[PDB]
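Only one chain comes next, encoded as structure tokens, the form deposited in one PDB entry.
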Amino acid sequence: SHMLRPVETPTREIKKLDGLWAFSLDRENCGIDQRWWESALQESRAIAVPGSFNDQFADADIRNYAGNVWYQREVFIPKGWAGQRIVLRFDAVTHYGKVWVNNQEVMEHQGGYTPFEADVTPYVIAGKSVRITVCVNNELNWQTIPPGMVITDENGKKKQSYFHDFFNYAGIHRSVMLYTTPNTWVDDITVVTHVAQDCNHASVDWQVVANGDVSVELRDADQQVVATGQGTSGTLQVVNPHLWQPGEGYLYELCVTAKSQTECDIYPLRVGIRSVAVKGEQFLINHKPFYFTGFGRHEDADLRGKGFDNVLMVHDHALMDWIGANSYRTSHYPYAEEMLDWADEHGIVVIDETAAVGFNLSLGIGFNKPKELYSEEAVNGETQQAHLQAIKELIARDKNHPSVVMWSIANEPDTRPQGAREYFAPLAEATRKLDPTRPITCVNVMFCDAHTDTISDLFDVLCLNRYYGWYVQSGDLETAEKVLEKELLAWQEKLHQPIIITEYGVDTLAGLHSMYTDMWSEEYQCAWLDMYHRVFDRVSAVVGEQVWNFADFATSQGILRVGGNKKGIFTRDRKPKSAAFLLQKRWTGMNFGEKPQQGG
């Protein structure tokens, strides 16, 4: 499905984020039978969108709810819309959403972190008010991405269990909008930017227009047109270019025009001219070895859950700018597109990841599970199909973002059973055909080591999650150092791939200080991080370090029973722990994007 992000000019957007919506629980699952979308929601209350519904109400019974919830709101179509193509779009409805315009079912979606839209022109009269009803479901099963399993007790009460660390927040987490286009419109764009030794060259264009003739022009930051092209595709611009570089992120504007006999459509696409490639043990941006610094993150904050917020990304970005982070990873689900836009504009490198986390029954944090992970009753052929679909929707959404340099199709799957490689090999090869321009990865769980892991050879970059090393090493630092280094070297011998440690750190209660440098203390977090740093600087194959996590986040419970939820460098209200200043000195102390010399 083609998706382009809405921008304004021959097109227009009316944001429906005006938060307050009618909101209801459907504890008896009678909402569909009684067609709640036909009238006003009964016994509803005010809720804010975007935002998770879970923490908005200080109510535990709502927070831990599993099943269907209902959103509802009336909105006016502008008068001036008539004659235009009118689209209703949800940037994200977490897990499942079904939408009604008045009484007409218009769209449906499974997948909680990517947009979905439908042409609603025949069901609205511009200038009138229309009722919009959304049925949102938060249940996970073996075919959802991520997977989980629902447990219904004797009384028929549902309770959600799952296998990832973060809390299962749900609701309309991101922007809802109506947007307009001419009946002739640009429906899809794909751009590839080749570079050759940085004095030269090119921007390849493939464009799909639902119904028009295509012209294309490229302007710089000064708006000087620097190249032009004709045709639905084949376009191969010619440039002596300002390259999209980490830390700067120069952007061109690719204006795409689509001409009918009577109508024209103009679409501006931000373009960053840069190359990404793996060469041996190195990751190359613009044919230069890059060293990642930064975080695994989460979409998590007080009150709003995974709900999107402008003040929050402004603040968070000022923080990882200050600390010297040049990169991050969209940990365990696709993020709101605004972060990617931010990264594009500010030259921030991003590892884009699917919501495929929890394909693992051996994590061991917890208290009726299938014994075969890859089997009909668990991860099956439909799961693989859902997994592939999740990869499609992520790539189709983010293929043009210069900030995205790699695709992560999963996080910490158990790769020890035999059916593992049969599951992932097709996904890995489908991913390469959906987007050949970017290296591919699958984030490795630690107990699936170099000796036991079966799938990593299918990918381009080795991303290692090392977080719970403090558990297995019982907190001993010098056993941890020698164990860490020999495992990293073993991975370097098995694969000869560039290595990024995408998770490392330890749970740290802010304000706990110790003279013994022991667990949960701020001092231990510093010493624990510092040992990873010393080892990284002695291993040539390591090209990246991303700390887990940026800030304390709410966890499943689940993880909170080990407690469990203090993994951040910052607190949830974004206050720095002492380790924040340790990272700042290391990350601002090195030459930008340059691995430190052997060793340090």
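Note that the rigid core is defined as the largest set of C-alphas that superpose within 1.5 Å between two forms. Note that residue numbering begins at 1 and tracks the sequence as displayed.
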{"item": "Gap size between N368 and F367, counted in deposited residues that the entry leaves unmodelled", "value": "1 to 3"}
{"item": "Per the entry, higher mean C-alpha B factor between 129-137 and 259-267", "value": "259-267"}
{"item": "Mean Cα B-factor comparison, 305-313 or 492-500, giving the higher one as deposited", "value": "492-500"}
{"item": "Residue of maximum C-alpha B factor among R538, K575, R27, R45, per deposited coordinates", "value": "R27"}
{"item": "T121, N360, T293, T354, ranked by C-alpha B-factor: the highest one", "value": "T121"}
{"item": "Among modelled residues of the same chain, the CA temperature factor third for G558", "value": "highest"}
{"item": "Where the record places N103 (Cα B-factor, split into thirds across the chain)", "value": "highest"}
{"item": "Lowest, middle or highest third - CA B-factor, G564", "value": "highest"}
{"item": "Third of chain Cα B-factors occupied by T508", "value": "lowest"}
{"item": "Chain third (lowest, middle, highest) by recorded CA B-factor, residue given as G31", "value": "highest"}
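What comes next is about the form deposited in another entry, which does not appear here.
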item	value
Which of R572, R27, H533, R561 is displaced between the shown form and the other one by 2 angstroms or more at its C-alpha, rigid core aligned	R561
Rigid core superposed: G229 CA moves 2 Å or more between the shown form and the other one	no
After fitting the core, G212 CA displacement of 2 Å or more between the shown form and the other one	no
Per-residue C-alpha change between the shown form and the other one, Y524, threshold 2 Å, rigid core fit	no
Residue pair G564, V314 - Cα distance in that other deposited form, closer or farther (3 Å or more)	closer
Outcome for the Cα pair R63, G563 in that other deposited form, compared with this form (closer or farther; change of 3 Å or more)	closer
